[PDB]
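Just the one chain here, the form deposited in one PDB entry, laid out as structure tokens.
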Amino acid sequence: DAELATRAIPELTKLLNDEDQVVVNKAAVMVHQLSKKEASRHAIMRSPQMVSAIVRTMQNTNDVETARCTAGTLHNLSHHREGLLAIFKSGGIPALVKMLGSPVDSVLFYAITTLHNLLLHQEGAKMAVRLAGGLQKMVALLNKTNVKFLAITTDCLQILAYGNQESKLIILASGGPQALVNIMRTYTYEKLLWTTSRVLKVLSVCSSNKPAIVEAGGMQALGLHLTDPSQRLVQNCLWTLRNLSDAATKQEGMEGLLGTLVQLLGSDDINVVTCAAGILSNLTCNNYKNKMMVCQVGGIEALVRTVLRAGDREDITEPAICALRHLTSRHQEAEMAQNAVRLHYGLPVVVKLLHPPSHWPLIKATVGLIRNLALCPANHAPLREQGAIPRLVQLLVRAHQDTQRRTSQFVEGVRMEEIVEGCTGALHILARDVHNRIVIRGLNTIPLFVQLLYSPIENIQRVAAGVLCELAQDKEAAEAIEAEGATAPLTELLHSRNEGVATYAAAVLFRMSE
């Protein structure tokens, strides 16, 4: 066998290089029968001349019975390292890519299994399949019906697409997203769905593939599997949906996905909750219809429960609080959402997040949520009782003092100028309640508010003149604003570009005398 077949191997190489393509066909059937046996499979594999003859036959053949027998030999050899190296050295890859264009099932089945083993275990195979144009051929085969075949073909796409921009673009250019979305909303085979979600996960980070998966109905299609038993599928759909979410802001027909994610916030799995909170904040972004729907499926309670459960974990807390901030402004159900946070015992935890160990991006988000909650008059007193005002004043002063030493950048990704605008803006709305105004004034914040009228930032001038405007409705307070030399800058801010700053500037000037 290692002695008997080693002398019969150069004989079959001569028979494969023959001029009569009837003798070549008989020889290919012989090499095929020998690849079945372990001893003689190793003999075909060990000789480069023999493998290059099998590869040469395959890409030049017109006969179908020879095509399967030759691709079947390469399939048998691909289970071995020396076989894989032989197929590679002899130009088996451009030959196998050509075979992905045949109508015969057995041939495709042999060619994709061989190419898969090559992509997985042979170095340099990935680049060779790309240069050969195998991706266009592979995506074109996603119209097939055999589930196991589709699972291998989809895995080939994952291996090729991972970390390679060019290959992601070819998949896109060749109808990839649509073909992949079709698979998710059709097949039940777990190994296919999981492998398909992995390709979609890889494609979702590409700036051009991302809006194409969305328009293919990808959000809704991935949404169909979030209730599946296997956690690997649920998790891959979630990571994909999370990557896609910042480009699905304008997508309609999202009722189901939104409702399922709200349900997912209650799971004991840390990664599911983190993703579901992240998807909800992005899908709640500037889309009034999504905002209205999340409030109607018990989203506010779910998000308050999520923040309570999370504690110091900002991976969950930041998107959850951002989702709440979006749900509490600019829509018909904002008023309901503002009350719901209170009714579901959310105010104590929201105020707690303004204090350390919470980092700057979370604090900025929480301040904006409090600004929004303060629009509801029924939240004016409970927010005061949780100690929101002294902390907002503390955040404002320290942030302003950092802007003063940096007069003569970013801290944790946030400018201190943003904390000044945010906190002064939250106090501006809180200042609508009479008791809140006494508290704000009692904190010796009027001298600071006057200093904030001189800032080069228009938005800080707007909120500063705004808080002074609400404070000035009470005569004792208006007199204190006048005694601080506020008359001069407010008269200068009357000539401003923004009509909002000028109105507030005029209102304080009026309220200080009449």
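Residue numbers run from 1 along the displayed sequence.
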For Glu514, do at least a third of the other compared PDB entries give no atomic coordinates?
no
Establish whether the other compared PDB entries of this protein leave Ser78 unmodelled at least a third of the time.
no
Using the B-factors recorded in the PDB entry, average over the C-alpha atoms of 492-500 and of 5-13, then report which stretch comes out higher.
5-13
Between 20-28 and 502-510, point out the one with the higher average CA B-factor as the PDB entry records it.
20-28
Selection from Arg415, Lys289, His400, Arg432 [criterion: highest C-alpha temperature factor in the record]:
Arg415
In terms of CA temperature factor as recorded, identify the highest of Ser281, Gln263, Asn143, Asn164.
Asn143
Rank-wise, by C-alpha B-factor, drop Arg309 into the lowest, middle or highest third of its chain.
middle
Can you tell me whether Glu190 has a C-alpha B-factor in the lowest, middle or highest third compared with the other modelled residues of the same chain?
middle
Could you say whether, by C-alpha temperature factor, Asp268 belongs to the lowest, middle or highest third of its chain?
highest
By the recorded C-alpha temperature factor, relative to the other modelled residues in its chain, which third is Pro390 in?
lowest
Temperature factor at the Cα of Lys148, chain-ranked in thirds, falls in the middle
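There is another form of this protein, the form deposited with a partner chain bound, and it is not shown here; the text below is about that form.
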Contact flag, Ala27 vs its partner chain in the deposited bound form, heavy atom cut 4.5 Å:
yes
Please determine whether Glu492 contacts its partner chain in the deposited bound form, using a 4.5 Å cut-off between heavy atoms.
no
Which of the following, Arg56, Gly101, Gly442, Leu226, is found at a hinge in the chain, given the rigid-part motion between this form and the one not shown?
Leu226
